[PDB]
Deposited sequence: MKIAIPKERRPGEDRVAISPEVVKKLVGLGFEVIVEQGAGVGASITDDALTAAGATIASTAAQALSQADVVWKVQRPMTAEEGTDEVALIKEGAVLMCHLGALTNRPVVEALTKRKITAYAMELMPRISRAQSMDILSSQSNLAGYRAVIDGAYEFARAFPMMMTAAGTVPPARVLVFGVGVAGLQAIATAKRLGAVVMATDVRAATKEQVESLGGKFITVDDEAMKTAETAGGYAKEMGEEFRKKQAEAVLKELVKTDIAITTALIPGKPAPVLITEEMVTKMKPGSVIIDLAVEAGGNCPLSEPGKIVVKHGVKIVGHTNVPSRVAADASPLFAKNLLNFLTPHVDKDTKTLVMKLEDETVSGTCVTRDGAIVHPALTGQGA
């Protein structure tokens, strides 16, 4: 042990599943920490920074992964069906911890099972107070919400704050946040601190108080019936909105349409839509993955992998989630990893183990 972290090879992925801080902790647990050269370049973590923290630098991904008992990475490994057989590089009997997307990607789970790899899908972390520190959905969504506002401000041709000047006043930007989960809340905070007037809406009831606790105002004064009924008090505010930020996901199913093409026609030109739910079909039908499309005078922005647009802050937090999940199972003496099966964090997240698919949702 022998824990390895390769470079992320999927297009546009600049995150890495390590930091120098976490390297120091891993050798303290009794690990030889190996990492592929160039792995942290997108995250602004040089090979010298990892070496100074105690890691060994391997020249290729195969060398990095050959002898590794534990493997950490961010996105799921590529299979031979995708052209790059990354699971083949993982040692037989080893442990993989990553964002697997296991419930939507059975082929990688099958492929890992063929080599008897024990895979821990980090997205399936149980929602308990103890495992908040292990939670990659929260750590990565949070930065994506911040980014949404930075992207919106970059695409917008007016300034966010009100400015009272000698030559006249320019008003503040008006922001509307659809979906007030982790991303939406940080988008509300970032928009508000930049000086924007911020409205927000959500289906859940407790959200209204959360929106107000960041100084926003919640849209409500007074089956498919959410979509038809909601957009009336919302439409009033949407017509005045400069930046619309949509963050709503339904877990498993495609994303709910919160802004129709009809609704974007009634928006003022120079407006921008940030669709953070674009990878699940979008909250706007006009959005296209990896593209900024202009229609009806409105920019519909649909960047992929928004956490990787904050890769240098995202990667340390991801590596910490991995460390916080890992650390309780290292027997300090006798240099071993014993993943306790009574543990809810272990049982909820384990997908396959010792050559057999373990998770109830994935079993035959």
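Residue ranges with no C-alpha coordinates, please: along the deposited sequence, counted from 1, in order.
Residues lacking C-alpha coordinates: 223 to 239, 382 to 384.
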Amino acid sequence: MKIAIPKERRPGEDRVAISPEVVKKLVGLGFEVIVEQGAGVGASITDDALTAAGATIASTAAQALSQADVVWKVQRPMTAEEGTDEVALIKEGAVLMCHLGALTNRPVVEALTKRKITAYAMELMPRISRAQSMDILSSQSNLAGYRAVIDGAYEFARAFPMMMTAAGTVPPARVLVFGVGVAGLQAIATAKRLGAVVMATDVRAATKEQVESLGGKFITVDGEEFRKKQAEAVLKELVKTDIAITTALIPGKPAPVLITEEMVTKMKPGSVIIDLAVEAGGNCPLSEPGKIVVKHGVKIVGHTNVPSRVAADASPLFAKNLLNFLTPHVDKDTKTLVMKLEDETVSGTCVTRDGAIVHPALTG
From here on, numbers count along this sequence of modelled residues.
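Take the two forms, find the largest set of C-alpha atoms that superpose within 1.5 Å, and that set is the rigid core.
Quick one: with the core lined up, is it 203 to 211 or 270 to 278 that wanders further in 7 other deposited structures of this protein, going by C-alpha RMS?
It is 203 to 211 whose C-alphas lie farther from the shown form in 7 other deposited structures of this protein.
299 to 307 versus 335 to 343: which one's CA atoms end up farther from this form in 7 other deposited structures of this protein after a core fit?
With the rigid core superposed, the C-alphas that lie farther in 7 other deposited structures of this protein are those of 335 to 343.
Could you tell me whether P161 lacks coordinates in at least a third of the other compared entries whose models cover its neighbours on both sides?
Modelled in all the others, so no.
Would you please confirm whether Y120 lacks atomic coordinates in a third or more of the other entries that were compared?
In all of the other entries, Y120 has coordinates.
Of 297 to 305 and 314 to 322, the stretch whose C-alpha atoms average the higher B-factor in the entry
If you average the C-alpha B-factors of 297 to 305 and of 314 to 322, the larger mean comes out for 297 to 305.
Averaged over C-alpha atoms, is the B-factor higher for 95 to 103 or for 212 to 220 in this PDB entry?
Result of the comparison: 212 to 220.
Going by the deposited entry, which of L185, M122, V74, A205 has the highest CA temperature factor?
Across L185, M122, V74, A205, the entry lists the biggest C-alpha B-factor for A205.
Between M162, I245, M267, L143, where does the Cα B-factor run highest in the record?
Comparing C-alpha B-factors across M162, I245, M267, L143, the top value belongs to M267.
Ranking every modelled residue in this chain by its Cα temperature factor as given in the entry, which third contains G152?
CA B-factor rank for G152: lowest third.
What third of the chain, by the recorded C-alpha B-factor, contains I5?
Bottom third by C-alpha B-factor.
Is the Cα B-factor recorded for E262 in the lowest, middle or highest third of its chain?
Within its chain, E262 is a highest-third residue by C-alpha B-factor, going by the deposited values.
Ranked C-alpha temperature factor of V346 among modelled chain residues, by third
It falls in the middle third of the chain.
Third of the chain's Cα B-factor distribution that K340 belongs to, per the entry:
Highest third - that is where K340 ends up once the chain's C-alpha B-factors are sorted.
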